[PDB]
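Since the structure comes first, as structure tokens, the remarks are kept for the end.
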Amino acid sequence: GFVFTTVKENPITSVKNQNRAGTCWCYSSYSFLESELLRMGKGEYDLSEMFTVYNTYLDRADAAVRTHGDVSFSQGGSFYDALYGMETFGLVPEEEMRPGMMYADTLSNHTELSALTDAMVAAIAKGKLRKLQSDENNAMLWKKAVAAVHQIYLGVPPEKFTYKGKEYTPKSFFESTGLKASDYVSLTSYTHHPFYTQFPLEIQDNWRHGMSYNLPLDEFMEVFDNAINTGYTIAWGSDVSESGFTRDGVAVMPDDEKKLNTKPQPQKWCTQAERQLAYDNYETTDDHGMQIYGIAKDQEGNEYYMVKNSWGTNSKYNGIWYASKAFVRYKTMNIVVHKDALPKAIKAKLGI
Amino acid sequence: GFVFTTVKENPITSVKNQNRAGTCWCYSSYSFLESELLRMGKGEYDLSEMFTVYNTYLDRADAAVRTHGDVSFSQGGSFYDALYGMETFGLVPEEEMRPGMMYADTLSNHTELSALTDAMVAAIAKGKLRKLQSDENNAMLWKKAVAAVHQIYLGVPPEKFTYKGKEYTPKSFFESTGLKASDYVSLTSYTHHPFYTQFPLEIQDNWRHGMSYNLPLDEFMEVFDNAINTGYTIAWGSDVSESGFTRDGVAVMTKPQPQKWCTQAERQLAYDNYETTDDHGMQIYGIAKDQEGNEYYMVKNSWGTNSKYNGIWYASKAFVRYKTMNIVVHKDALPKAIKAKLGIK
Amino acid sequence: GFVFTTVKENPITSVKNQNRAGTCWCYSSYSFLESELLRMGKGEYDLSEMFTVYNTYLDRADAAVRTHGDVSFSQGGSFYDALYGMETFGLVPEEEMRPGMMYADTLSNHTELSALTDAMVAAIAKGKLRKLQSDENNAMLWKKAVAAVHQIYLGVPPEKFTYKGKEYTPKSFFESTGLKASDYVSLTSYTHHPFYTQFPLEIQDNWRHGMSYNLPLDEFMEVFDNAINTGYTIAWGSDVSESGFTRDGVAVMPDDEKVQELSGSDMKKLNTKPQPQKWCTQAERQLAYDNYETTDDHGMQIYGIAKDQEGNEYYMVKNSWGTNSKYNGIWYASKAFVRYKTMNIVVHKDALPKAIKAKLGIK
Amino acid sequence: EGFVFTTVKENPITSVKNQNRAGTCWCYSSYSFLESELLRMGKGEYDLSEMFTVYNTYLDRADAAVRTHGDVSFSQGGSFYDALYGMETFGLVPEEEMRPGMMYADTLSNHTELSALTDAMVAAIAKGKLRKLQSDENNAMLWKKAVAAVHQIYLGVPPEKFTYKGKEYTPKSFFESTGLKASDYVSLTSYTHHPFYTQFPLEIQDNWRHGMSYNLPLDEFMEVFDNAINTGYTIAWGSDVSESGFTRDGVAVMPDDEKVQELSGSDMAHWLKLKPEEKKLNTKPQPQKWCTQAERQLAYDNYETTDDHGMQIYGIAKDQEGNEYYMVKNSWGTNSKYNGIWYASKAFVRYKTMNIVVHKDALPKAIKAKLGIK
Amino acid sequence: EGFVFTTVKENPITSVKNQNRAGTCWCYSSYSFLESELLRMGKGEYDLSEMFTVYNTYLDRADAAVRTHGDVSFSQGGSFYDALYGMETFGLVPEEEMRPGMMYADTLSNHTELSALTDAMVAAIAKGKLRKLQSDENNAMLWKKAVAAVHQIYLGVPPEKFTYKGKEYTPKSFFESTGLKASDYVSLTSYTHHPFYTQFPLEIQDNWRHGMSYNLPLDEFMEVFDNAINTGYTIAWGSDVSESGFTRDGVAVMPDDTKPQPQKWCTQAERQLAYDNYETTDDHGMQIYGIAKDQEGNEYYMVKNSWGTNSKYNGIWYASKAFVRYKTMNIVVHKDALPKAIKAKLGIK
Ligand SMILES: *CC(=O)CNC(=O)CCCC[C@H]1SC[C@@H]2NC(=O)N[C@@H]21
Ligand SMILES: *CC(=O)CNC(=O)CCCC[C@H]1SC[C@@H]2NC(=O)N[C@@H]21
Ligand SMILES: *CC(=O)CNC(=O)CCCC[C@H]1SC[C@@H]2NC(=O)N[C@@H]21
Ligand SMILES: *CC(=O)CNC(=O)CCCC[C@H]1SC[C@@H]2NC(=O)N[C@@H]21
Ligand SMILES: *CC(=O)CNC(=O)CCCC[C@H]1SC[C@@H]2NC(=O)N[C@@H]21
Ligand SMILES: [K+]
Ligand SMILES: [K+]
Ligand SMILES: [K+]
Ligand SMILES: [K+]
Ligand SMILES: [K+]
Ligand SMILES: [K+]
Ligand SMILES: [K+]
Ligand SMILES: [K+]
Ligand SMILES: [K+]
């Protein structure tokens, strides 16, 4: 087994539990932004994923119907979904739309919701209907249907609510936090687009085509180490379907110089080409969005990152995993950080 | 019946025949680009659609695979594929890659090609393979195979060739035309996005997600008339499915009758409810009048010349107002006032 | 445990490794033809399976398309595919067409290749196309595509090559053998055809419909023991998906009844130690073939005879699964198991007993 | 302005039969041919039972599908070789002993429900998940009993003995009394994916028995048709009939579209948009395309010539303009312009024939020798 | 040891039977029940042929699938009502005149191949595109001949006449010699999507005959169990057993989330939700024939199953009264097993 010492942490909020839903993109976004609110000085916040999970789905439904089934309709999503939704739909406190409130529960189970809405969206998007029906205001009946089924399972979005004495709209509540989409940028590292460029990652949950900035794998890993040591958290989207990623709370990248996962061992540090290949050949897919809040060493001096997951606190380190550098550099798909976490030099190469 | 008289037309090249493939996007784009080369004094070109179709399908296959099948793999394309293609792949003359050359024909029939390539792309993009194979230089084998099958049915793309006594590459040939993708804007008119912004049209053949400037409908149609009256032609993407231009070479809303002039909401309705779909690409190159004063855009099609007007036909202004999905024009074809509200230099 | 003593074995070449492809039919065929070349005093050969696997698949694709999908398109095959191929396509040394060279590997993994080529062949053979395309010389476009894809994953087969100071074509390299397909006969033992006649085994991988001579099962086993005691090896096709065939190197047909006669009324060691064996009648063997218990013609090579502690007789088999097994790629198949589960064998004509040869009309 | 035919020479045939709603042409054409053969050999008029042979053939085809795990398709078709092998293996019985339709109050076959049931039964065995098929204490397969029982329910119980014109027979002894011999008959084809003057099994689905055909150059292959007819023999004729030239009105022609378009008035561009009724391509005598060995090969290779239909060629005729046709006895009843007879132009036969069976003595002597047929 | 049981009161059962590889629990449990009824009525021990009844019921179930164009599923299951209707309609035969496995050289059922063919045959008629099924000159349907002939090939020829303990019978006259009457048995259930003291057909796929059950409030429903056992009757017991764990130790018990543990005692509504939300399905048929207690005094119904005797209690096992109350779907008892007052509340004379 492993024993880990913390080298450096930055404040996070409590550990949340997405339970039975592919909502990691939203719980990790909010985990990341809550940490940002703490460091900006706004106090502790608990935002409602269910509210923008709800709204993102209706748009995605619309996108699947426009593209006649090309845009897959599924539970997942992106960091960009949250940043966009925040400026578009607003934000509400968790208290106004909690997981599981409609089926006598306290945590999400979205399996039946998906069974119904997947079939509905597919009956429109991939069926044989030649002319979809609308009302006298040209509003579509199938979107009423889809939105109504989502509210039956997720709750009805508040149009107005009271929070800590003052009443809000989701927009004005969003303005109360003082977050701006522009402050944060998405970064990645691949060779099938030129470096220091903008491209939308070619993954199904990026159906909105959110753009990402493209660094070489060594500058890319310098923003991670810089962001931590200057006091920032990172929204970390990565591939966690790996023999190295454990349910015992550790994500390593063992070598063949060696019980590869159970005890500390030499790490395999990847070139840029070995890494691009894994994304081209399906060994690296957009599995999971989490939050990395700092740095640590194990009992042999090997270096790891402190990640906060969205699976509750029933695990070896109460819902926290340790992700090794060799793992984070091989299998990261994108990270969203705030601009001020970039080094000056890295920021400079094509960056305001 | 209809009797038309031309009001104004700008030069076009000859009518081509796409035959049996859904390559209208490329054929119309090249009719539009060739007209542009005439406008700019560069003379008459016949560009190879097959060459651009070839390279576009390879990128579409890679998009299908990367998105695990979400990007459909089909014969279709957009005006942006041709514009992106020329800057990315270059151009070659017609005779360097002709339709039908590999199966003893002179016109396209891509049904077998699609049947084989559709099955290969899906076996990768929607199968169960978890580690796709690569050579010792990290080049993917499935890409080699999809390209190899495309070459067997469409031809080996030239790396160099001689054209009117001068040697080129596809890149240096394109450079010799002086065309710039930066000169062309895409325009559309819808209410599910704000006017005077850019969004990418939500249609399966825009898998590259090329942006269009969104204009209110009355100004959208001002661009049509202004482009034609000042010497430009128009790359024209529209739903022709229900139009009945198959019967007489005319599209209306068989005698001249008053056209229902659509509002912005009725036209947004048809797009939202699937009545306006299957974006077909052609070229608008003039304005004509029927014997009762009604107004039509003259359309160059890519279905050959065995039709009532020898491959051209007429689309009433109203029809074009209702069923257009996007157009591509030179920047200089936009009126000064409209151009300024979009930030276009 | 098991302890084995060799009674008589005949030289084989080294144990090869087919890895992740259903190409046992070709590796076993070549294990047998290389043992043949050794026994004709021609030296140790390593013929290229990939060259023959490549050409076999193009024929098999053509058979699928001509029959509109009835001939299944898959990775398997038969000994006849190899003897047909040696005389139709030629032969090349291993070095000219290696497993895995196209995808930075040293052993085969044909899963992605099959993924692609199964889908292409099915798009033609089971699709709705009414007029396949062809070029100015009437050569079919689909065939070219299929061939180009096989080349990308397996290799470009050589037109000419140099081997030990001499240069060859695959054809001329095969004439360099002295091997003649007419020298080898296929034998089986079933009762849905009369004995001493020829019929094509009704199995999917016999899509060329190679004939086999049908023997009574007792004379069928005589051929085994004579072939081998007289110096020959056997190309051995049988079903190995049985309780008795194990990954621990043993293939037994144990009589579960006479085992459970010793010390119990059981509710344990039926394959991990010498045991009594069921000796099948011609009828029980027919039943398992009729009822799907004997299937999946897996190909291997028999080269030796051995006994265990209690004198039971076993055939020594050379597998094509590598050398990380209990006996470094060698299995032991009891004579009872072979008699029950064999689908067909190929031997040289002169390995037959004289009366068996005369009864089958073999010159 | 249609077709008017005059017979040049035809040889005796029995009456036109009607296979109706079943894919049994192979056995109907085979028995049209064998009945002409018995007439030719002086044995008189027979009406052999197709249903008997269809019944036993499908049981063999079911077994083939099961042994090959569904590779051998199970469907209604068949081959000439099915019937020749059949007469020597199962025997023959007279029509009266197993009539079409008799089990479902009908006089003509409708095998749609029989196929619906037995295709589904055969596929449940051959392509399903069963790992050990069941057997009784004599090792007979239960699935074969079930498939036999359902075939008997829709087609009838085959006789083991019957009386015919005062004499009791079994199927085998009735076959023996006709004096037919399968070894008297040869199958011939003409393709180039195998060398000439060899035998190979045509690679088509209904040849699941892999019956062989002798391969001839196209011109020699056509000489056989003529020599057979002109010396008193008839021809079992396996052909593609899915062509615009093969019509419901008793004609099979192979027009040269270019030529007809040049005889006509309109140029190429107008003609492409002319009316099919105005083209008159299949309704009057027209110049024929006369294919090469290679064009014939390409159509087989490329799916334009498929194994569609078995019939009997028994004569040679001319139309009012002197063009030549083979006379074809079909098996679809007599409600058609020529009472169930088709006239197939020589061009059509040369281009779309898949294989033929004739008695060995129908072969021209020099061709017989090239084939090694003694 | 975990569970140690003491019998409080059990009623005579015949030997434990083995349905082996077929979903014929409905018929084996029906006959366990009816054989106990025969013992109770003083007629002695019988061994009735499930295969005879299974054969005739599938031919009816195939007809029901064909008439509803595939809505009635065709599968191996069935109901107690199938057996009660069957005995009045087809008769009964002794086990020896139609044994499991006899046609394929076994002694136990394996109906996998039989289903593979007959499922495919029934679907080809009921779900295909045939517009006019074929009939003979007497208007008997050929597809029914086909399906009948295939069932006989795998299950045997049903006897028309046979001799048993020295007397010759037909299936009907053997049934009459037992003295059993379908009218003597009532079907009971407990749900709230229909009113209490009414009859309705349970909405489960194996009740394609739409046999009616009387609906009782849960407490009165359990009172019938105890009354039947304590006055000497047994119970045809249909319930969900899927997630119960009886396989491991012979014991079905109610999870509060090996050893006797506290049992959640469900309400009518808790029991209703599980039938509405799919937690209670796969009605499995067995026989309850006694009452037992464990070492700590908790009470169980004794269950006779039909899977042979290679289990911890030799084919018998124990269900807590709480499990039985939560997971039972329907029961059949003789009318005289009902308390007088429940009898009156349902109008049963
Ligand atoms: C990025 C994500 O949210 C996916 N990561 C997760 O941890 C969620 C997956 C857990 C598996 C659950 S969700 C869907 C499925 N249905 C169910 O009842 N359990 C499964
Ligand atoms: C915008 C497009 O290209 C679709 N428009 C067309 O005009 C395509 C027309 C050719 C029709 C061909 S395509 C595939 C199909 N297969 C065939 O043999 N004819 C059809
Ligand atoms: C006669 C044969 O070759 C049958 N197969 C073997 O002997 C062992 C190799 C099969 C294992 C491979 S085949 C295709 C499949 N795909 C994969 O990755 N492993 C499997
Ligand atoms: C060689 C053949 O027998 C091909 N078929 C024919 O020549 C005539 C058959 C007409 C098509 C019938 S068969 C079965 C199907 N069911 C129906 O009602 N009509 C179809
Ligand atoms: C109410 C029932 O009969 C379901 N209960 C059972 O005990 C049936 C389970 C036996 C398992 C057999 S039956 C069908 C399936 N096919 C097979 O070969 N084993 C399975
Ligand atoms: K939260
Ligand atoms: K992975
Ligand atoms: K062109
Ligand atoms: K080798
Ligand atoms: K087996
Ligand atoms: K007849
Ligand atoms: K045809
Ligand atoms: K019984
Ligand atoms: K349950």
Side-chain angles (χ1 to χ4, degrees), chain A residues 12-13 16 18 22-40 42 45-60 62-63 71 75-94 97 157 169-170 172-179 181-182 184-188 198-201 203-214 223 227 232-238 286 288-293 308 310 332-342 347 351, chain B residues 193-194 197-200 209:
Chain A
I12 62 177
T13 49
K16 307 321 168 292
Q18 65 190 77
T23 44
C24 64
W25 56 273
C26 197
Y27 276 95
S28 66
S29 306
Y30 284 180
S31 211
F32 165 73
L33 305 187
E34 284 156 17
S35 294
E36 286 290 284
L37 297 190
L38 300 200
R39 164 200 76 77
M40 261 161 66
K42 250 58 74 171
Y45 272 76
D46 192 352
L47 312 109
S48 173
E49 301 75 359
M50 292 304 100
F51 162 89
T52 101
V53 159
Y54 165 89
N55 276 116
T56 310
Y57 286 171
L58 301 183
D59 283 348
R60 175 178 210 144
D62 172 76
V71 170
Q75 303 185 328
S78 71
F79 301 142
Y80 181 60
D81 282 332
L83 309 160
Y84 165 97
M86 132 204 304
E87 307 258 17
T88 317
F89 313 121
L91 317 183
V92 314
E94 183 102 359
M97 183 166 292
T169 196
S172 77
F173 190 86
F174 154 60
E175 286 146 343
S176 316
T177 175
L179 303 154
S182 172
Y184 308 93
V185 281
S186 163
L187 301 309
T188 175
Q198 298 289 62
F199 76 100
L201 256 168
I203 63 201
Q204 309 167 256
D205 278 337
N206 189 7
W207 55 272
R208 260 160 178 159
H209 316 115
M211 207 81 54
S212 208
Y213 289 92
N214 191 31
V223 55
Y232 299 73
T233 66
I234 312 159
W236 177 49
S238 157
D286 188 49
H288 203 28
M290 303 148 114
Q291 213 198 87
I292 176 271
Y293 62 113
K308 169 195 194 218
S310 187
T332 297
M333 293 214 50
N334 69 310
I335 51 185
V336 167
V337 288
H338 184 107
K339 299 184 197 268
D340 304 334
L342 323 157
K347 194 162 174 171
Chain B
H193 299 272
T197 46
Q198 286 185 272
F199 68 102
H209 315 118

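First the proteins, then the strands, lettered A, B, ... as listed; each starts at 1.
Taking 4.5 Å as the limit, every side-chain heavy atom of A/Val336 sits out of range of all side-chain heavy atoms of A/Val185. Counting heavy atoms from C-beta outward, A/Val92 and A/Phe174 have side chains that stay 4.5 Å or more apart. For the pair A/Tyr213 and A/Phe199, the minimum side-chain heavy-atom distance is 4.5 Å or more. The closest side-chain heavy-atom distance from A/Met290 to A/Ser31 is not below 4.5 Å. With contacts defined as side-chain heavy-atom distances shorter than 4.5 Å, the pair A/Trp25/A/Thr56 qualifies. Between A/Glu94 and A/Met50 the shortest side-chain heavy-atom distance does not fall below 4.5 Å. Contact of the A/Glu87 side chain with the A/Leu179 side chain is not registered, since no non-hydrogen atoms from C-beta on lie closer than 4.5 Å.
A donor-acceptor pair is defined here as one N or O able to donate and one able to accept, closer than 3.5 Å; such a pair exists between the side chain of A/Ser78 and the backbone of A/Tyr80. Remark: side-chain polar atoms of A/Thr52 are not paired, donor with acceptor, to backbone N or O of A/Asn55 under 3.5 angstrom. A donor-acceptor pair under 3.5 Å is formed between the side chain of A/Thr188 and the backbone N or O of A/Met333. Using modelled atom types, no side-chain atom of A/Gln18 and backbone atom of A/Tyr27 make a donor-acceptor pair closer than 3.5 Å. Formation of a donor-acceptor pair under 3.5 Å by the A/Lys42 side chain with backbone atoms of A/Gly178 is not found in this model.
A/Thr177 pairs with exactly one of A/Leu91, A/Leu47, A/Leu33 by the side chain to side chain contact (heavy atoms under 4.5 Å, CB included) rule, that one being A/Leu91.
A/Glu36 and A/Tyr184 are linked by a side-chain donor-acceptor pair at a separation below 3.5 angstrom, with hydrogens and angles left out of the test. Of the N and O atoms on the side chains of A/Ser186 and A/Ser212, at least one donor lies less than 3.5 Å from an acceptor on the other residue.
Residues passing the side-chain hydrogen bond (donor to acceptor under 3.5 Å, both in side chains) test with A/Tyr54, sequence neighbours excluded: A/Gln151. Residues passing the side-chain hydrogen bond (donor to acceptor under 3.5 Å, both in side chains) test with A/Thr23: none are found, sequence neighbours excluded. Considering only residues two or more places apart in sequence or on other chains, A/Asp205 meets the salt bridge (charged side-chain N to carboxylate O under 4.0 Å, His left out) condition with A/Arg60. With sequence neighbours excluded, the residues forming a side-chain contact (heavy atoms from CB on, under 4.5 Å) with A/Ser238 are A/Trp236, A/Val240, A/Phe327, A/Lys331, listed by chain and number. Every side-chain contact (heavy atoms from CB on, under 4.5 Å) that A/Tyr293 has, sequence neighbours left out, goes to A/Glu9, A/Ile12, A/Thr233, A/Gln291, A/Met306, A/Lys308, A/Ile320. For A/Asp62, the side-chain hydrogen bond (donor to acceptor under 3.5 Å, both in side chains) test picks out A/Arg66, A/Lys143, with sequence neighbours left out.
Note that CZ of A/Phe79 and CG of A/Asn206 are 11.5 Å apart. Values are rounded to the nearest 0.5 Å. Put simply, CE on A/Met40 and OG on A/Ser35 are 12.5 Å apart, with the number rounded to the nearest 0.5 Å. Atom CD1 of A/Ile292 and atom OH of A/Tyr232 lie 14.5 Å apart (nearest 0.5 Å). A distance of 6.0 Å separates CG in A/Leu342 from CG in A/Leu187, rounded to the nearest 0.5 Å. How far OG of A/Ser29 is from CE of A/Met86: 8.0 Å, rounded to the nearest 0.5 Å.
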Exercise for review: Evaluate the side chain to side chain contact (heavy atoms under 4.5 Å, CB included) criterion for residues A/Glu49 and A/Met97: first the C-alpha distance (whole Å), next the side-chain angles of each, then the deciding distance (0.1 Å), finally the verdict.
Suggested key: CA-CA 8 Å; A/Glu49 301 75 359; A/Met97 183 166 292; over 6 Å; no
Practice item. Using the side chain to side chain contact (heavy atoms under 4.5 Å, CB included) rule, take A/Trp207 and A/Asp59 through it: C-alpha gap first, then chi angles, then the decisive distance, then the call. Key: CA-CA 10 Å; A/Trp207 55 272; A/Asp59 283 348; 3.6 Å; yes
Check your understanding: Hey, mind stepping through A/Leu201 and A/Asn334 against side chain to side chain contact (heavy atoms under 4.5 Å, CB included) and telling me if it holds?
Key -> CA-CA 9 Å; A/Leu201 256 168; A/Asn334 69 310; 4.0 Å; yes
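Using a 4.0 Å cut-off between charged nitrogen and carboxylate oxygen, A/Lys16 and A/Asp46 do not count as a salt-bridge pair.
In plain terms, the two heavy atoms of A/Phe51 and A/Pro170 that are nearest each other are CZ-CB, 4.0 Å.
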